[PDB]
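Shown below, as structure tokens, is a lone chain in the form deposited without 4-ethylmorpholine; questions about how it binds or moves come after it.
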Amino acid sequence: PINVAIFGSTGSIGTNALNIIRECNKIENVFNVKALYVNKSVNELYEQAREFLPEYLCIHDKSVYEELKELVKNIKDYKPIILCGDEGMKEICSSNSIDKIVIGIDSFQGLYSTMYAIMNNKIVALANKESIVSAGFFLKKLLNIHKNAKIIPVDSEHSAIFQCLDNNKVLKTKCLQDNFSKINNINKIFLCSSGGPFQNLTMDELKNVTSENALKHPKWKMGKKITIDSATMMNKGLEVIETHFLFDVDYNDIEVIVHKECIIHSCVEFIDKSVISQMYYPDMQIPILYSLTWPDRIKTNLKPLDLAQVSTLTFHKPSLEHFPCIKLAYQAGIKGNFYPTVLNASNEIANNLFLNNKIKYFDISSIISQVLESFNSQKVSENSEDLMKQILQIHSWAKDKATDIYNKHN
């Protein structure tokens, strides 16, 4: 049985994870859900506990902790360990009965739980791209210390890339390791993008797009922050840096391609120039499931891909003039050092300002650019603890610098 913990079990990733676990378990008993962790959704967590009966429950918000304890008394033949806060999280990661941890939490807590999962040598199914972009150096160092820990990518394009690799090679290395691409014979990556809602818009039209334009009638329905990043293509920019760190692919060997059908999820060109790609309907259940079944696959009842019905797949180059956030991401990744930390942090601020109708489309890239221009490279700390503090300091500085730029112009 695959023993799995879900962190952020009521968010999008966590709920998709439990859905595919439920459906697969109907076919064959394959997963044991050992732990669920949520912030504050005490009722939703009780409902999940009633179904999956995990050994561990944890809620972050101490003010709903007691409520959770009595709710759970309602469940027949069930006596879970019920914990709360950061230290419940740590206790779950240290448990010897847990093998794989799905990280469906953003920002701080996401990276923090990831760190604890790695320290305990677990398999970590990681969807949070911002943590790889911002703290890649730290994750790489930590993965080198904890030799049995592994990050398995859940971001759909990175899952696709991973699924295009020969496991006889993968098993000789692991993600985020130097030489990953050499060992796997990788030459180049095609990183597929939906292109978002604005591919056909002129520069003058882009000047006036609004957050409602970006959010309304969403092709793929997802959270607000990522929807805005899809609209600017900063999502793909982040995902370029994510690719580089996960797979040790040089930036000149990563090509963003706009594939509006979202059937081909990304492709890998090997050193003989043969190309392998992964394909399915847009659906996060496949990337999540693979992260938990790797290096194997199990049966599902998902809708089979009907290629004849799909009929046409298309591909075109993104215009860097229209989507300047892509160029900024490449520039930051190529400059290296903590420029990716800076890019991510400034985008966090700029994205949210645009979301809330405070700045315009090209102001997003303008602010990010100015913050990047304001950063001086720093010597990279050798010490793991010092390195994490350096990342946090830089993240905080960059957010502040973005906000200060806004406030001046405002």
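Take the two forms, superpose them, and find the largest set of C-alpha atoms that agree within 1.5 Å; that set is the rigid core. Residues carry their position along the shown sequence, with the first being 1.
Greater Cα displacement in 9 other deposited structures of this protein once the core is superposed, comparing 37-45 with 371-379: It is 37-45 that deviates more in 9 other deposited structures of this protein.
Taking RMS over all structures and residues, which stretch has CA atoms farther from the shown form in 9 other deposited structures of this protein, 341-349 or 58-66, after a rigid core fit? Once the cores are fitted, 58-66 deviates more in 9 other deposited structures of this protein.
Higher mean Cα B-factor in the deposited model: 238-246 or 91-99? Taking the mean C-alpha B-factor of 238-246 and of 91-99, the larger value falls to 91-99.
Between 138-146 and 217-225, which has the larger average Cα B-factor in the PDB entry? On average, C-alpha B-factors are higher across 217-225.
I'd like to know which of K317, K76, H322, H265 has the highest C-alpha temperature factor in the PDB entry. Within the set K317, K76, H322, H265, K76 shows the top C-alpha B-factor.
Which of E348, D363, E44, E385 ranks first by CA B-factor in the deposited coordinates: Top of the list by C-alpha B-factor: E44.
Thinking about Cα B factors across the chain, which third does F108 belong to? Answer is highest: the recorded C-alpha B-factor places it there.
Place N208 in the lowest, middle or highest third of its chain's C-alpha B-factors, as listed in the PDB entry. For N208, the deposited C-alpha B-factor lands in the highest third.
Once the chain's modelled residues are ordered by C-alpha B factor and cut into thirds, is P287 in the lowest, middle or highest one? It belongs to the lowest third of the chain when residues are ordered by C-alpha B-factor.
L343: which third of its chain by C-alpha temperature factor? It falls in the bottom third of the chain.
Ranked C-alpha temperature factor of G195 among modelled chain residues, by third: Bottom third by C-alpha B-factor.
The discussion below concerns the form solved in complex with 4-ethylmorpholine, not included here.
4-ethylmorpholine contact in the deposited complex: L372, any heavy atom under 4.5 Å: Yes.
I'd like to check something about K335: if you look in the deposited complex, is any of its heavy atoms closer than or equal to 4.5 Å to a heavy atom of 4-ethylmorpholine? Result yes; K335 sits at the interface with 4-ethylmorpholine in the deposited complex.
Determine whether any heavy atom of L328 comes within 4.5 Å of a heavy atom of 4-ethylmorpholine in the deposited complex, and answer yes or no. Flag for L328 set to yes.
Even though 4-ethylmorpholine is not shown here, does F137 get within 4.5 Å of it in the deposited complex, heavy atoms only? Residue-level check for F137: no, no contact with 4-ethylmorpholine.
Among the candidate stretches 335-343, 107-115, 143-151, 304-312, which one is within 4.5 Å of 4-ethylmorpholine in the deposited complex when only heavy atoms are counted? Looking at the partner contacts, the answer comes out as 335-343.
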